[PDB]
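In: so I pulled this structure from the PDB, and the sequence comes with it:
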Amino acid sequence: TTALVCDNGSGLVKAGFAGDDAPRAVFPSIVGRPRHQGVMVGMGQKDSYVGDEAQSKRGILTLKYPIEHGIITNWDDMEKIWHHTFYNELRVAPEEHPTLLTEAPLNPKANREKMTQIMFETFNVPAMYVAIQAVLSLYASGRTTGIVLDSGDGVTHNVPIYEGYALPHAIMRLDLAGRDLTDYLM
Amino acid sequence: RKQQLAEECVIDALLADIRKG
Ligand SMILES: Nc1ncnc2c1ncn2[C@@H]1O[C@H](COP(=O)(O)OP(=O)(O)O)[C@@H](O)[C@H]1O
Ligand SMILES: [Mg+2]
């Protein structure tokens, strides 16, 4: 049974299988809703759009980001993100696949609680694990020690690890990343 | 005493996972 990796980042959801080099699905974490008078009848009008479909039709959609600064605020949009990334992007059954999920350090614990509860009840799995992104970045570097500066779209955090031992008193999180740079460029 | 004297690895694991992909 192949395990699943699903980095639910603030900007871009990146999901795929173990033992693979490139991520199978990389798509932005947006849920769109229509904001205009639907005048045409039929033709497959949806109540919501997830992912690249919301990116294509973005002229007539209010786009919502369910993750801000690493914290999942809206949860049914997050469930729609997970249902899309399980059943459309990857086209797999979550009932037969363990799932590793990523998380920023110094997160609220209730995010982990509700992530565990939804991921064990709505999309019920054999098993699950929540990791830290910088440790996986040090894994991809292939080395032992060092300080990892991981900077996504919401979270920029430094994690120092020496000889496979993290130092939790020296984790430095800052909520300044690419979305703030996008707002500043605006 | 005369009778006694007459008697006398992060690196290997991570590179393994890299080559597994
Ligand atoms: N070629 C690029 N040049 C500059 N910034 C980029 C480039 N590609 C991506 N980014 C920025 O990096 C941010 C984080 O990417 P990613 O780690 O995939 O975010 P997330 O995983 O949180 O969605 C994106 O919000 C984007 O603004
Ligand atoms: Mg990111």
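Out: Sure, I can see it. Numbers count the residues shown, from 1 in each chain, chains lettered A, B, ... in the order given. Ligands and ions are numbered 1, 2, ... in the order given.

In: could you say which helix or strand contains residue A:179?
Out: helix A:178-185 (DSSP states H and E).

In: ditto for residue A:54
Out: For residue A:54, the enclosing helix or strand under DSSP H and E is helix A:52-56.

In: just the CA trace of that helix, in PDB.
Out: Extracted C-alpha coordinates of helix A:52-56, given in PDB (Å, rounded to 0.1, in the frame of the first residue of the first chain):
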ATOM      1  CA  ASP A  52      -7.600  25.200 -11.500                       C
ATOM      2  CA  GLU A  53     -11.200  25.400 -12.500                       C
ATOM      3  CA  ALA A  54     -11.600  28.400 -10.200                       C
ATOM      4  CA  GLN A  55      -8.400  29.800 -11.700                       C
ATOM      5  CA  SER A  56      -9.800  29.600 -15.200                       C
END
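
In: that one vs ligand 1: in contact?
Out: No - Helix A:52-56 is not in contact with ligand 1 by C-beta under 6 Å from any ligand atom; minimum separation 12.9 Å. (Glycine included, C-beta is placed from N, CA and C.)

In: residue of chain A nearest chain B, please.
Out: residue A:144 (4.0 Å; C-beta to the nearest C-beta).

In: just to be sure, that residue is in a strand?
Out: No - according to DSSP: H, G, I helix; E, B strand; the rest coil, residue A:144 belongs to no strand; its state is coil.

In: so who does it touch?
Out: Contacts for residue A:144 (C-beta atoms under 8 Å, 6 or more residues apart in numbering or on different chains) come out as A:163, A:164, B:10, B:11.

In: quick check on it: phi, psi?
Out: Main-chain dihedrals, residue A:144, degrees, to the nearest 10: phi -100, psi -60.

In: please report the distance of it from residue A:161.
Out: Residue A:144 sits 8 Å away from residue A:161, going by C-beta to C-beta, to the nearest Å.

In: where does the residue nearest to residue A:106 when sequence neighbours are not counted sit: helix, strand or coil?
Out: Closest residue to residue A:106 apart from its sequence neighbours, by C-beta to C-beta, 6 or more residues apart in numbering or on different chains: residue A:173 at 4.7 Å. Counting by three-state DSSP, the backbone at residue A:173 sits in strand.

In: look up which residues are beta-bridged to residue A:173.
Out: On the basis of DSSP bridges, residue A:173 is bridged to residue A:157.

In: count the residues that sit near residue A:159.
Out: By the criterion of other C-beta atoms under 10 Å in any protein chain shown, residue A:159 has 23 neighbours.

In: that one touches residue A:173, doesn't it?
Out: No - using C-beta atoms under 8 Å, residue A:159 is not in contact with residue A:173, being 9.2 Å away.

In: shared neighbours of those two, which are they?
Out: Contacts common to residue A:159 and residue A:173, judged by C-beta under 8 Å, 6+ apart, are residue A:105.

In: thanks a lot, catch you later.
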